[PDB]
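Below: one structure, written as structure tokens.
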Amino acid sequence: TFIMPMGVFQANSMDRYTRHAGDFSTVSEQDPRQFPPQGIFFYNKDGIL
Amino acid sequence: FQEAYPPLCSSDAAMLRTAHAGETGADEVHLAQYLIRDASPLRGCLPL
């Protein structure tokens, strides 16, 4: 059996940290990664995403 | 000997592990947190 969480948002502000400054930069003035996640990505049997 | 060995402890879970799929982090202090490297006799045992 395999278990994954989907909508889990890190509530404490201590864990919302980045390993480097410009790891994932976007043209938008609000970074679309601070928003709470709504999905999960995993690999198939054949390696498909 | 009246001594006590410090284990791998840190004040933040962010710095206790590095993002390289392997060994743990080794930075000493970041801003006001800390990370004490393992000085116990259990250096190469007790897997993480």
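Labels for the structure tokens follow display order: chains A, B, ..., residues from 1 in each chain, ligands from 1.
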
Within 12 Å of chain B: each chain A residue with its shortest pair, only C-alpha atoms, as a tab-separated table:
residue	atom	partner	partner_atom	distance
A:13	CA	B:14	CA	11.7
A:14	CA	B:14	CA	8.3
A:15	CA	B:14	CA	6.9
A:16	CA	B:14	CA	9.3
A:17	CA	B:14	CA	7.7
A:18	CA	B:14	CA	9.3
A:19	CA	B:19	CA	8.0
A:20	CA	B:19	CA	10.8

If you count only C-alpha atoms, which residues fall within 12 Å of residue 38 of chain B, apart from same-chain ones fewer than 3 positions away, as a tab-separated table (two decimals) with N, CA and C atoms, in the first residue's frame?
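Result file out-v3.tsv:
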chain	number	residue	atom	x	y	z
B	5	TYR	N	28.00	13.10	26.30
B	5	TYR	CA	28.30	13.31	24.89
B	5	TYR	C	27.13	13.99	24.19
B	6	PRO	N	27.35	15.06	23.44
B	6	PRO	CA	26.24	15.72	22.74
B	6	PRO	C	25.88	14.98	21.47
B	7	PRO	N	24.59	14.73	21.23
B	7	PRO	CA	24.19	14.07	19.99
B	7	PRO	C	23.92	15.06	18.88
B	8	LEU	N	23.48	14.57	17.72
B	8	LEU	CA	23.12	15.44	16.60
B	8	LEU	C	21.81	16.13	16.93
B	9	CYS	N	21.89	17.40	17.33
B	9	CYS	CA	20.72	18.18	17.68
B	9	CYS	C	20.82	19.53	16.99
B	10	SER	N	19.66	20.13	16.74
B	10	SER	CA	19.62	21.45	16.13
B	10	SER	C	18.37	22.17	16.57
B	16	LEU	N	18.59	20.89	9.75
B	16	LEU	CA	19.05	19.58	10.19
B	16	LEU	C	19.22	18.61	9.03
B	24	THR	N	23.07	14.34	6.14
B	24	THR	CA	22.37	15.46	6.74
B	24	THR	C	23.19	16.74	6.64
B	25	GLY	N	22.61	17.84	7.11
B	25	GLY	CA	23.27	19.12	7.03
B	25	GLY	C	24.42	19.24	8.02
B	26	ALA	N	25.28	20.23	7.77
B	26	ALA	CA	26.44	20.45	8.62
B	26	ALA	C	26.74	21.92	8.89
B	28	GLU	N	26.80	25.32	10.90
B	28	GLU	CA	26.89	25.43	12.35
B	28	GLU	C	25.81	26.35	12.92
B	35	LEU	N	23.35	24.21	15.15
B	35	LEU	CA	23.33	22.78	14.85
B	35	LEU	C	24.60	22.18	15.43
B	41	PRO	N	30.03	8.60	20.83
B	41	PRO	CA	30.63	7.40	20.21
B	41	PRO	C	29.79	6.78	19.11
B	42	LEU	N	28.49	7.05	19.06
B	42	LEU	CA	27.63	6.55	17.99
B	42	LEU	C	27.68	7.50	16.80
B	43	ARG	N	28.81	7.46	16.09
B	43	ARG	CA	28.97	8.29	14.91
B	43	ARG	C	28.54	7.56	13.64
B	44	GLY	N	29.01	6.33	13.46
B	44	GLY	CA	28.72	5.57	12.26
B	44	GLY	C	27.63	4.54	12.42
B	45	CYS	N	26.87	4.62	13.51
B	45	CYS	CA	25.75	3.73	13.77
B	45	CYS	C	24.48	4.56	13.90
B	46	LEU	N	23.38	3.89	14.29
B	46	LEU	CA	22.05	4.46	14.51
B	46	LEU	C	21.56	5.22	13.28

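Atom CA of residue 8 of chain A sits 21.9 Å away from atom CA of residue 44 of chain A.
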
request  = Pull the strand (DSSP E) assignments for chain B out of DSSP run on the backbone, and list those residues as a PyMOL selection string.
outcome  = chain B and resi 9-10+35-36

How would the residues just picked look written out with N, CA, C and O atoms as a PDB file, in the first residue's frame?
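Saved as part13.pdb:
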ATOM      1  N   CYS B   9      21.890  17.395  17.329  1.00  0.00           N
ATOM      2  CA  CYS B   9      20.723  18.182  17.678  1.00  0.00           C
ATOM      3  C   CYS B   9      20.815  19.532  16.990  1.00  0.00           C
ATOM      4  O   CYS B   9      21.906  20.012  16.678  1.00  0.00           O
ATOM      5  N   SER B  10      19.658  20.132  16.738  1.00  0.00           N
ATOM      6  CA  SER B  10      19.620  21.449  16.128  1.00  0.00           C
ATOM      7  C   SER B  10      18.367  22.174  16.573  1.00  0.00           C
ATOM      8  O   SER B  10      17.389  21.558  17.002  1.00  0.00           O
ATOM      9  N   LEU B  35      23.354  24.210  15.152  1.00  0.00           N
ATOM     10  CA  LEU B  35      23.327  22.781  14.855  1.00  0.00           C
ATOM     11  C   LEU B  35      24.598  22.181  15.426  1.00  0.00           C
ATOM     12  O   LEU B  35      25.695  22.497  14.960  1.00  0.00           O
ATOM     13  N   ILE B  36      24.452  21.322  16.423  1.00  0.00           N
ATOM     14  CA  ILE B  36      25.591  20.677  17.056  1.00  0.00           C
ATOM     15  C   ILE B  36      25.854  19.365  16.332  1.00  0.00           C
ATOM     16  O   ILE B  36      24.976  18.501  16.258  1.00  0.00           O
TER      17      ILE B  36
END

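Going from atom CA of residue 22 of chain B to atom CA of residue 49 of chain A covers 24.1 Å.
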